[PDB]
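Overview (structure and organization)
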Amino acid sequence: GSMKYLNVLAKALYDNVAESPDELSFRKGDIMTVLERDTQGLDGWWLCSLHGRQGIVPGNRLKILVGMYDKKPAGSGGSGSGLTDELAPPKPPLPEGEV
């Protein structure tokens, strides 16, 4: 397939609840494939693919995992237990419908 997209991996720093039909819902720590950023002219919204579903994601809750640099893992377990409040930043706004 023609690579019309960035196809990079990004990690969720916070979870997300999809409120729009275009949006992806995921958990903190999940990995999604970023296809483009500022998609549809929606500044701050990043088009990604997760579980075979495509959709926009608030970029300020995502971290591009730039694979230009080697990094060894910490190995410090993986329970992901939120034992304290980890309040997420607000998502950017959206327009009055698809143009």
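Residues numbered from 1 in each chain as written, not as in the entry; some residues may be left out. Heavy atoms only, no water.

Method of determination, as annotated in the archive: solution NMR.

**Considering the overall build of the chain**
Selection rule: Only DSSP runs of H or I with at least four residues qualify as helices, and only runs of E with at least two residues qualify as strands; both kinds are numbered from the N terminus onward. Type-normalised accessible area, obtained with a 1.4 Å probe on protein chains alone, sets the label of each residue: buried when under 20%, exposed when over 50%, and partly exposed for intermediate values. For this analysis, residues touch if any pair of their heavy atoms sits within 4.5 Å. Each accessible area value is a Shrake-Rupley result obtained with a 1.4 Å probe; residue values ignore everything except the protein chains displayed when judging cover.
Helices and strands together make up the secondary structure of the chain, namely zero helices and five strands. Moving toward the C terminus, one meets the helices and strands of the chain in the order β-β-β-β-β. Projected onto the principal axes, the alpha-carbon positions of the chain cover approximately 45 × 35 × 20 Å. Each of the 99 residues in the chain was classed as buried or not, and the buried ones make up 23%. Relative to all contacts within the chain whose residues are 6 or more apart in sequence, the contacts with residues 24 or more apart total 53%. For the chain, the exposed area adds up to about 7,400 Å²; of that, 51% sits on carbon and sulfur atoms.

**Some words on the environment of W46**
Looking at the secondary structure, you find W46 in strand β3 (residues 45-50). Sequence spacing of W46 and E36 is 10 residues, and the spatial spacing of their C-alpha atoms is 5.9 Å. Excluding its chain neighbours within four sequence positions, the residues that come into contact with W46 are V34, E36, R37, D38, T39, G55, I56, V57, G59, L62 and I64.

**Comments concerning the pattern of salt bridges**
For the record, the criterion: The rule for a salt bridge is simple: a side-chain nitrogen of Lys or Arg has to be within 4 Å of a carboxyl oxygen of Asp or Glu.
The full count for this structure, using the stated rule, is three salt bridges. Close ionic contact of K91 with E23 constitutes a salt bridge, the shortest N to O distance being 2.9 Å. Here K91 is found in the segment after β5 (62-64), whereas its partner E23 is found in the loop between β1 (8-12) and β2 (31-37), with 68 residues between them in sequence. Here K28 ties to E86 by a salt bridge, and the two come within 2.8 Å at their closest N and O atoms. Of the two residues, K28 is situated in the loop between β1 and β2 and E86 in the segment after β5; the sequence distance between them amounts to 58 residues. Via salt bridges that share partners, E19, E23 and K91 belong to a single interconnected network.

**Re the environment of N16**
Rules: Under the rule applied, a polar contact is a pair of N or O atoms within 3.5 Å (in protein, one hydrogen donor and one hydrogen acceptor; residues adjacent in sequence only if both atoms are side-chain atoms).
Within the secondary structure layout, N16 lies in the loop between β1 and β2. Judged by its relative accessible area of 3%, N16 is buried. In this structure the C-alpha to C-alpha distance between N16 and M32, which are 16 residues apart in sequence, comes to 12 Å. Non-local contacts of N16, meaning those with residues more than four positions away in its chain, are made with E23, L24, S25, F26, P58, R61 and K91. Polar contacts involving the side chain of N16 include one to the side chain of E23, which spans 2.9 Å. Polar contacts involving the side chain of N16 include one to the main-chain carbonyl oxygen of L24, which spans 2.9 Å.

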